[PDB]
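This report concerns only the one structure given below.
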Amino acid sequence: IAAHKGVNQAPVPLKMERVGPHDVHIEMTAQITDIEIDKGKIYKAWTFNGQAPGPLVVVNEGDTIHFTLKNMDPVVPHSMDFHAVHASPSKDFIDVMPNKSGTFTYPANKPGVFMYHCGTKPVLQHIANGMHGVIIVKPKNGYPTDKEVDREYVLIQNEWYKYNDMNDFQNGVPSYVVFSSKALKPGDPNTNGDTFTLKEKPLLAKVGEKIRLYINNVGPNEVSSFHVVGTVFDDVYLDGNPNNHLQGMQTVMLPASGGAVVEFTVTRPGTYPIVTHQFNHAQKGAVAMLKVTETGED
Amino acid sequence: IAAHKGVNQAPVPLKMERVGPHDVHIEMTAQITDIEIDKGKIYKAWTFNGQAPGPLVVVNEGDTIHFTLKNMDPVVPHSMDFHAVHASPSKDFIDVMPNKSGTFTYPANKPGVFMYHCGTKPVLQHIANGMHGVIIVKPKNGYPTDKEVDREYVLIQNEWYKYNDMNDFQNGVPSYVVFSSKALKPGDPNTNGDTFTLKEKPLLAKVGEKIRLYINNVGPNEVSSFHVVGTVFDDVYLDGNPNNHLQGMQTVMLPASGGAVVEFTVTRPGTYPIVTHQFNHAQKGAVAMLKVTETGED
Amino acid sequence: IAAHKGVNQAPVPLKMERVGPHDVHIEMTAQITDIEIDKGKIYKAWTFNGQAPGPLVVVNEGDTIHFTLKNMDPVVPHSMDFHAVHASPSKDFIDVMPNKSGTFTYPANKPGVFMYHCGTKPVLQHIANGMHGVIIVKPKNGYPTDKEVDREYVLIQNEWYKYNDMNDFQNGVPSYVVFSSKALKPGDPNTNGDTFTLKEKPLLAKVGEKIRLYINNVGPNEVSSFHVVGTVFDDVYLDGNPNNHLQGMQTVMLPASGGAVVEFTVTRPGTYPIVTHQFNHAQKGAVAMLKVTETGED
Ligand SMILES: [Cu+2]
Ligand SMILES: [Cu+2]
Ligand SMILES: [Cu+2]
Ligand SMILES: [Cu+2]
Ligand SMILES: [Cu+2]
Ligand SMILES: [Cu+2]
Ligand SMILES: [Cu+2]
Ligand SMILES: [Cu+2]
Ligand SMILES: [Cu+2]
């Protein structure tokens, strides 16, 4: 796209504020930002807020979101679809033109770990170029295992293809498949989907802890066989809904856009890889590390 | 196949009649019929009754089916395998020669949304050329959410490949991935697997309704990440068995031949896309629309 | 690999002995062994004990395993990762050099049907060359349906690619997808992953029996849509954990490394194919047979 040549819009923080006991304002951008998805490989991504996947959004069950998208792309329209919400797609996930803003309001009445993404046709093109992310909706009565959990993180799996190549998006194998982590609390890492950062800077934990991961595989195209090496998931809540309870899973199957809450114990010090067990994808990037130390610090 | 050149056998209605409180006769054909699977693209499909996927069959839990296949293909044998039934495959899903009929009897003792398909070797070839469909077996005690449901439809996902090309069937990406709808009640649409009909003629619903979809992904080869844009599934019954209950799913993972009953609320007027969230497949056809109006009519 | 030219190390039996009420010794080899994966097609596999998938391991919930790997490969390191165990991957699933042995100890505290595999980088390469298998951990209180089960077998699904070809492993479709059976009791078959043995020598059962299969899809790369023709699964326990109970499934979706216990009734004499319903994979080998006779014998 000629109007994207040389464009690299610096990342802009997510803006979010609570405006009532059940109402929350969120402001995001759509912007074009260079991201290093593998060493030496820059992808001029289509993004929310200069991150791909985009920034994490966390709301409470029953919150209505009053969402604004500011479209900083000079030529391509963008839009936002949160899988958390009940909305009219043709009214509420509509396009925002370049250099304009649009505001939409919709409720999040279901707990869980939901994908969000751009909804502009062709949606494959907008998702594959980087316009995906996760919104977590926290359950009003929590999860039955909340009191067991010592530490938590968010992980997202996505693919990257040949740059803005619709033939490859529809017909080709992914060039890279990658994990990123998005921060829940100050001091947590906040990374983009790349083949290396969570290997070189593992997530941290302490010996004996029960870890909860909020996970989503945003695709665009693959499913995920999510596994933490050296442990078994004690409890799994499919899509993060507390009712969809499984126990003792070695691997969690996630559809494209599928989410889960998974919990597992790390019994011994060491580094624990986190993979999709579709090992062609692991080989193409989708391995993150969890470093477990006697103190929980590096 | 030289004997299929120029053959286009007009569709023949499904014949079905109840012959006892727990016994039902069904008569289907195997026939060769041109179907427009994308605009300008005709596939000379191998079909049941001139439809691909084939006609919907609905029976009650505990019904024994006395099934007749009339093979109208001039040269290729065909057969029928219902995933609903308990049967001896080597006795009861055997081949019926060209211009012959065969009758088989077997019970449907499990509720759910089951694939049926031709079972003639190579089964990949017979399924990929179009010989797939769905049989629904209604549960004797219903589903716990029956009283919440306002409106229901049947959707089936399938792929189409290069015509009768066994190399492509085994080794190639699908050319098209498509939804069709099969009628439950008079006035419901009854369509074939194509990239366009359920976009141009959306399924209809009314604002505020709880919709139930009986879904199956018949493949042949892909899995499906089934999602309705702008809602969340309130309840999901995997394979349509009432015991396999999930709640609050954003997306339902279906294996090849996998079925489900899914239910969800449409809160606002508008058009709601229905996709597999494997977006390479959505892009290649697998998007249907649900138009939600204040009255439920167009 | 020049040092593998002409190498064909005869299979070595698994050695296992109980050394306390909750402790079990296991000794395996890593060795390079020719296996006929399709008629006329020899794959010089990387294996445990000269079998691919490797030998079956069965322990009880709560057993600690004291595992020794003897590496008979003349040049490549190997290692062992059991998905059953809680262990430190960087201490306990480490490499054993050629012509050396290594011993690791770790507990199996979760019931189910777990994949095991070599954990040496690149793990895709070691899994795809044949270093995968299953460990079953039997639940302390059994499964609720144990008393209904007449006969049981173990089935494993895997893929084979072009020989030791990392490009094909990461980017190519599988050349073959295959089932094997591993013996639970004397007289049960014990086979390797090939396109033909369980067609030519079906598993046996008797009319009217309830069959339990312990299944795992070890990949490396594909997911599996597991189906037995002519029946419906009465009960399914995902990953073999008794709590993850489903009923009346036509097809069980397994992630890569995913396991299950499935149970189903065979009502009539005949031969019952067992497939992944991803029919491109079935066509490339993944069909096993179950021959059901009036006596249970051939
Ligand atoms: Cu507001
Ligand atoms: Cu966009
Ligand atoms: Cu593993
Ligand atoms: Cu009759
Ligand atoms: Cu046929
Ligand atoms: Cu979506
Ligand atoms: Cu010992
Ligand atoms: Cu190895
Ligand atoms: Cu089938």
Side-chain angles (χ1 to χ4, degrees), chain B residues 1 4 7-17 24-37 43-59 65-85 87 89 92-106 108 113-137 154-160 164 178-184 189-194 214 216-220 257 259, chain C residues 229 277 279:
Chain B
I1 291 170
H4 286 177
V7 173
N8 182 17
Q9 293 174 315
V12 169
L14 174 67
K15 291 188 218 161
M16 271 193 86
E17 62 189 351
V24 178
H25 274 198
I26 296 177
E27 289 81 33
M28 286 166 51
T29 68
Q31 61 182 80
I32 300 305
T33 296
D34 283 351
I35 293 176
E36 182 168 48
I37 59 172
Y43 195 101
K44 188 183 293 306
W46 300 7
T47 73
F48 299 104
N49 286 75
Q51 283 183 55
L56 186 61
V57 171
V58 180
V59 297
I65 296 168
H66 314 183
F67 172 73
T68 298
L69 179 66
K70 178 196 339 288
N71 189 358
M72 297 169 53
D73 188 319
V75 295
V76 190
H78 296 288
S79 59
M80 170 58 83
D81 174 333
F82 287 107
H83 284 196
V85 304
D92 299 321
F93 298 169
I94 64 170
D95 293 340
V96 177
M97 295 303 100
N99 305 123
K100 300 309 182 195
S101 295
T103 295
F104 308 97
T105 294
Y106 25 56
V113 182
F114 294 99
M115 173 172 183
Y116 71 71
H117 59 83
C118 180
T120 298
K121 180 182 162 153
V123 172
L124 170 66
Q125 185 175 17
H126 286 261
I127 294 176
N129 286 320
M131 302 196 74
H132 42 70
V134 163
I135 175 170
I136 293 171
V137 177
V154 178
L155 287 179
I156 301 175
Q157 183 178 313
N158 71 267
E159 309 123 39
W160 291 106
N164 194 39
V178 293
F179 286 117
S180 58
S181 182
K182 298 297 185 181
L184 280 166
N190 195 80
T191 75
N192 289 315
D194 72 36
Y214 299 87
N216 192 284
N217 162 34
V218 297
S257 74
Chain C
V229 185
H277 222 289
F279 254 93

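Chain naming here is simple, since letters A, B, ... match the order of the sequence lines and numbering starts at 1 in each.
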Nearest non-hydrogen partners of B:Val137 and B:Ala84, listed with the distance: CG2-CB, 3.7 Å

CA sep, side-chain torsions, deciding dist, call: B:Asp73, B:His4, side-chain contact (heavy atoms from CB on, under 4.5 Å): CA-CA 8 Å; B:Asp73 188 319; B:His4 286 177; 2.8 Å; yes

Gap separating the OG1 atom of B:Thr103 from the CD1 atom of B:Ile65, nearest 0.5 angstrom: 13.0 Å

Separation between CD of B:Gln125 and OG1 of B:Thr120, rounded to the nearest 0.5 Å: 10.0 Å

Check: B:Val57 and B:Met28 side chains under 4.5 Å, non-hydrogen atoms: yes

Test log, rule side-chain contact (heavy atoms from CB on, under 4.5 Å), inputs B:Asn216 and B:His132: CA-CA 11 Å; B:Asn216 192 284; B:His132 42 70; over 6 Å; no

Side chain to side chain, B:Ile127 and B:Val218, heavy atoms closer than 4.5 Å: no

Any side-chain heavy-atom pair of B:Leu155 and B:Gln157 under 4.5 Å: no

Donor-acceptor contact below 3.5 Å, side chain B:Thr33 vs main chain B:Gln9: yes

Verdict with reasoning, B:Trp46 to B:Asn164, per side-chain contact (heavy atoms from CB on, under 4.5 Å): CA-CA 10 Å; B:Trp46 300 7; B:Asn164 194 39; 3.9 Å; yes

Nearest heavy-atom neighbours spanning B:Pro77 and B:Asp95: CB-CB, 4.0 Å

Heavy-atom pair with the smallest gap, counting every atom of B:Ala52 and B:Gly130: CB-O, 3.6 Å

Validation row: B:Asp81, C:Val229 side chains within 4.5 angstrom (heavy atoms): yes

Verdict with reasoning, B:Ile136 to B:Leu56, per side-chain contact (heavy atoms from CB on, under 4.5 Å): CA-CA 8 Å; B:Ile136 293 171; B:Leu56 186 61; 4.0 Å; yes

Side chain proximity check, B:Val85 to B:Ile135, heavy atoms < 4.5 angstrom: no

Distance-only donor-acceptor check, side chains B:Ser180 and B:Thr191, under 3.5 Å: no

Spacing of NE2 belonging to B:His66 relative to OH belonging to B:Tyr106, to within rounding of 0.5 Å: 10.5 Å

Residues B:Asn49 and B:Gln31: side-chain donor-acceptor under 3.5 angstrom: no

Nearest heavy-atom neighbours spanning B:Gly193 and B:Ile37: O-CG2, 3.8 Å

Flag, side chain of B:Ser79 to backbone of B:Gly119, donor-acceptor distance under 3.5 Å: yes

Note, B:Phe48 side chain near B:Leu14 side chain (heavy atom, < 4.5 Å): no

Gap separating the CE atom of B:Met72 from the NE2 atom of B:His78, nearest 0.5 angstrom: 10.5 Å

Side chain B:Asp34, main chain B:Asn8, donor-acceptor under 3.5 Å: no

B:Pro53 backbone acceptor or donor facing B:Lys182 side chain under 3.5 Å: yes

Geometric class of the C:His277/B:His117 ring pair [parallel <30°, tilted 30-60°, perpendicular >60°]: perpendicular

Check: B:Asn71 side chain, B:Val96 main-chain N or O, donor-acceptor pair, under 3.5 Å: yes

OH on B:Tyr116 to NE2 on B:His83, rounded to 0.5 Å: 12.5 Å

Min side-chain heavy-atom separation B:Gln51-B:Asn190 under 4.5 Å: yes

Check: B:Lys44 side chain, B:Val7 main-chain N or O, donor-acceptor pair, under 3.5 Å: yes

Parallel, tilted or perpendicular: ring planes of B:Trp160 versus B:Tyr43, cut at 30 and 60 degrees: tilted

Separation between CG of B:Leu69 and OG1 of B:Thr29, rounded to the nearest 0.5 Å: 7.5 Å

Side chains of B:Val58 and B:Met16 in contact at under 4.5 Å (non-hydrogen atoms): no

Any donor-acceptor N/O pair, B:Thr47 side chain to B:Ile32 backbone, under 3.5 Å: no

